[PDB]
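Colleague:
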Ligand code: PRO
Ligand code: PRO
Ligand code: NA
Ligand code: NA
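Chains as they are written, first to last, in the entry's author numbering: chain B, 1 to 516; chain A, 1 to 516.
1. Under 8 Å, CB to CB, which of the residues in the region 492-513 of chain B have a partner in chain A?
2. Does ligand 3 have a heavy atom nearer than 7 Å to the CB of residue 124/B?
3. Quick one: does the C-beta of residue 322/B sit closer than 7 Å to a heavy atom of ligand 2?
4. Listed in chain order, which residues of the region 458-473 of chain B have Cβ atoms closer than 7 Å to some Cβ of chain A?
5. Output yes if chain B places a C-beta closer than 8 Å to the C-beta of residue 484/A; else output no.
6. Runs of 4 residues minimum, wholly inside the region 424-487 of chain B: which ones carry the alpha helix (DSSP H) assignment?
7. Hey, out of 434/B, 226/B, 11/B, 113/B, whose CA is closest to residue 97/B's CA?
8. Taking residue 489/A as the query, report the chain B residues whose CB atoms sit under 7 Å from its CB, ordered along the chain.
9. By Cβ distance below 6 Å, which residues in the same chain neighbour residue 352/B in space, the five residues on each side in sequence not counted?
10. Just to confirm, is the Cβ distance from residue 449/B to residue 296/B under 8 Å?
11. Got a sec: is the Cβ-Cβ distance from residue 167/B to anything in chain A below 8 Å?
12. Can you grab the Cα-Cα spacing for the pair residue 195/B / residue 189/B, in whole Å?
13. I'd like to check one pair, residue 475/B with residue 498/B: are the Cβ atoms closer than 8 Å?
14. I think residue 141/B touches residue 480/B, with their Cβ atoms under 8 Å apart; what is that distance to the nearest whole Å?
15. Can you tell me whether residue 169/B is buried or exposed? The criterion is at least 16 other CB atoms within 10 Å of its CB, across all chains shown.
16. CB residue 214/B to CB residue 65/B, shorter than 8 Å?
17. Using a Cβ cut-off of 7 Å, pull out every chain A residue sitting near residue 272/B, in sequence order please.
18. Would you mind telling me which residues of chain B sit closer than 8 Å to residue 159/A, beta carbon to beta carbon, in chain order?
19. Please indicate yes or no: does the CB of residue 362/B lie closer than 7 Å to some heavy atom of ligand 3?
20. Evaluate residue 87/A with the Cβ neighbour count: other Cβ atoms within 10 Å of its Cβ, from every protein chain shown; 16 or more gives buried, anything less gives exposed.
21. Does any heavy atom of ligand 4 sit closer than 7 Å to the C-beta of residue 187/A?
22. Output the distance between the C-alpha atoms of residue 108/B and residue 222/B, rounded to the nearest integer angstrom.
23. Bridge partners for residue 404/A per DSSP, in chain order?
24. Please confirm if residue 435/B has its CB atom under 8 Å from at least one CB of chain A.
25. Among the candidates 372/A, 200/A, 163/A, whose CA atom is the shortest distance from the CA of residue 146/A?
26. Should residue 384/A and residue 416/A be called a contact, given that it needs their Cβ atoms to be closer than 8 Å?
27. Could one say the Cβ of residue 269/B lies closer than 8 Å to chain A's Cβ atoms, at least one of them?
28. Answer yes or no: the CB of residue 87/A versus the heavy atoms of ligand 2, is any distance below 7 Å?
29. Are the Cβ atoms of residue 182/A and residue 43/A separated by less than 8 Å?
30. At a Cβ threshold of 8 Å, is residue 266/A touching chain B?
31. Closest to residue 400/A by C-alpha separation, out of 373/A, 378/A, 488/A, would be which residue?
32. Whose C-alpha, out of 123/A, 26/A, 5/A, 110/A, is nearest the C-alpha of residue 54/A?
33. Quick one: what's got a C-beta closer than 6 Å to residue 46/B's C-beta in the same chain, skipping five residues either side?
34. Rounded to a whole number of angstroms, what is the C-alpha to C-alpha distance between residue 271/B and residue 276/A?
35. Using 8 Å as the Cβ pair cut-off and three pairs as the minimum, do the region 332-339 of chain A and the region 286-304 of chain A touch?
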């Protein structure tokens, strides 16, 4: 099967009147459908429950954006039975056939781009460009994994020949597994975590994050329209731990793909290491568990370029990203000039309802608001608050861009992941000290350096211990194919999304010899 | 660096007078050197202890082959410090430099080959050809991994370009880890499990199996002469679980490479899943945990050819192989002709001191004798003893080749790994039933089919769920490079040894973008 070489889906900037009109049409369509109820999707059919879950607009939380069915253990067991039944034949599809199905799903998703973007705007508080980036990344995962799976097709393995025998090694998929998806990229990461395993012949039960169940259901409408056979993909919105715990601990769950907090990721990895009664394999658990990502700037940098990249990295999607710059490490020569520029830029950021395309929407929920404001209270005790640090007026969960300065490297706000619009600025003497401070966290996801000094950049290339490092640009928005995405240390298992190596995680290898 | 394409090291059959002359001298010299003492090897030096461990000759256990120092937690901690210190610089060696070091080690091992084979004969009771296959396999791991490692060299990752930027993804080693090696291939598997991680820039602390400490020490004389820098490889023989437990559970152990019993493998995997106090990463654990491997024969097979392969597979090295045929699954039309031929061949097998080059030597220890004899007693209930089932006369741990017939598929002897010369014969109707019985164990390591029917062979290729499958040939003796070795289910994590994929398990990936 031959398609165009992979290109990333263009992220809409909405600079043309047509693009803006198309977005306004989509927003209107989406809000007109706020009354909709979305069931579970199990074994090729939409399956409703008596209990329901409600999704709220975090920019106006008295407004409901939709409701969904709510799965429990029994629905979890039913999806597991459907997923294994499906696996029996889905594993046997030619890779070309599986990859074409993915390419169909991508095309369907591309045609519904604005609708999904508008759903992100209303359901999770993404501004328009954050929304467009999220949907473009989802399309990219589908496009990329569809192609990358072909690189593993029967029989892919390079082996040494032997006289008088055929020796053939090849990959096969693992089985049925569970995906536990985050709310912050509930199209992109939700989609990538499902379609990667699915591309190469696995089957998946997906649990969306509670805050993003409506957009996950809309992704499943796309899967259903594309024609995935019954049981290949399954959708189980649920409240709290019930569904996730039941499946993670199940003797018949083959693998777990998780993106979310370190707290939950640790529990998952530990549970995966245990043999449940009657289990007959060693579970694979892939976890991406957040970061405490720093940007270093030294005295040689373009200070204006740095301040722009820092503000984008710190406050894009309200800093609710595993890749967000939450630390700003400035050498002595860079300290005042860069801090001054960041403050002047950050003070001009708009905050408001996401549908108006502000620089910042609200944080995602009342619980998130609580967590972020709690950390602000801690930061006031630990460093010097110099911008923001408060809730803004409106029912929506609006928090001001916040900056603490003179923060000790080992302070709680310089160590713990806040996941909100809070930047901690750490002053150091020189680049050596900057690198020490950068590395001295439990995390290792993203990181950045602004500097013109080649020796410093190349030193960072070798020694700034993060899985995704960026020089003289923002540290967020890793593109599928371009920047394999995944971290070190307590940022997770280094399962690199948007890379050829990702699909290998969902395969095992068989070696078959025939002596003639 | 450019070397000849990989070829497997030829396995000596000792058919020429030249080869027998050389082997007789090597065995005489090793026998003459019984009682030698070998210290620990930590941080580039031999380090002795007050306590010592004794390695006996299983063919004559009143004879001490040699003694070694005995490591405790203190020595384990010293080796860990030495390994991390070494890693700081070993990680930065050009890959060509690391690979040349491995090629030197291989050359030295090749030059000491008859001595190493003789040491196996005496220390673990391998006959001459089993000893030569084992040493040849070790040389192959070194040669193979030295070349495979170059395929990962900076910057190896295929990425999609982006305008105005360099995007560079590359692999880095993980750090210091522990190798826990088996007694049954204590040159081959010991060597491969250590040099694989080491080749790509990791550092290793290696715990040999207690029954094979002397030959492990001679491998370390080779590492030393080759000139691995201090701390890069460390040798810690020890008694019972203290050393392995201390390292497996240590917050500063990065990875665990284990080959051995399922019982121990399960505990290791569970422990690796936990975050020890102060730990700052998710541990990787690679485990290969044995098999209950079957050969199926249908009525279309060459019955003479099948009987030969079955007897080699079941009784080679006294059946003490994770790859050994311990089940013989025969369709109704194959049953009588194949069993007759197996019995006639098996009854002709010699059993005696390994130095004599018998068909079978002793089992490895008093504990193994006890375990295998205990399983024979179990089998006498569950099946019908038709051959052997007894300890033979002598101080050595001699056990007769044993056959049980009419064994129920779910019998303990048809499900549990005995790791001795004990074959369970299972009657089935046809090839479909043969596959069902083959698959219905907790394991999935090796398997074989003797059949001339193309449709049966290709059906098995798809459905006989083992990681190493062989048609019309023995199911043991997987060759490095030719047959990537590793299983499914409770045979372990499918870390395929002797394959390009193995080295990827000891690396993580960094993605570094520069915007110009
Ligand atoms: O790097 C980022 O910001 C997004 C989130 C996961 C990967 N792409
Ligand atoms: O297949 C075999 O018999 C040995 C065991 C480990 C791989 N080579
Ligand atoms: Na919501
Ligand atoms: Na011994």
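Idealized CB from N, CA, C, for every residue including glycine.
Modeller: Here's the rundown:
1. 492, 493, 494, 496, 499, 500, 501, 504, 508, 509, 510, 511, 512, 513
2. yes
3. no
4. 461, 467, 468, 469, 470, 471, 472, 473
5. yes
6. 431-439, 454-463
7. 226/B
8. 280, 281
9. 358
10. yes
11. yes
12. 10 Å
13. no
14. 6 Å
15. buried
16. yes
17. 273
18. 481, 482, 483, 484, 499
19. no
20. buried
21. no
22. 6 Å
23. 385/A, 424/A
24. no
25. 200/A
26. no
27. yes
28. no
29. no
30. yes
31. 373/A
32. 123/A
33. 39
34. 15 Å
35. yes
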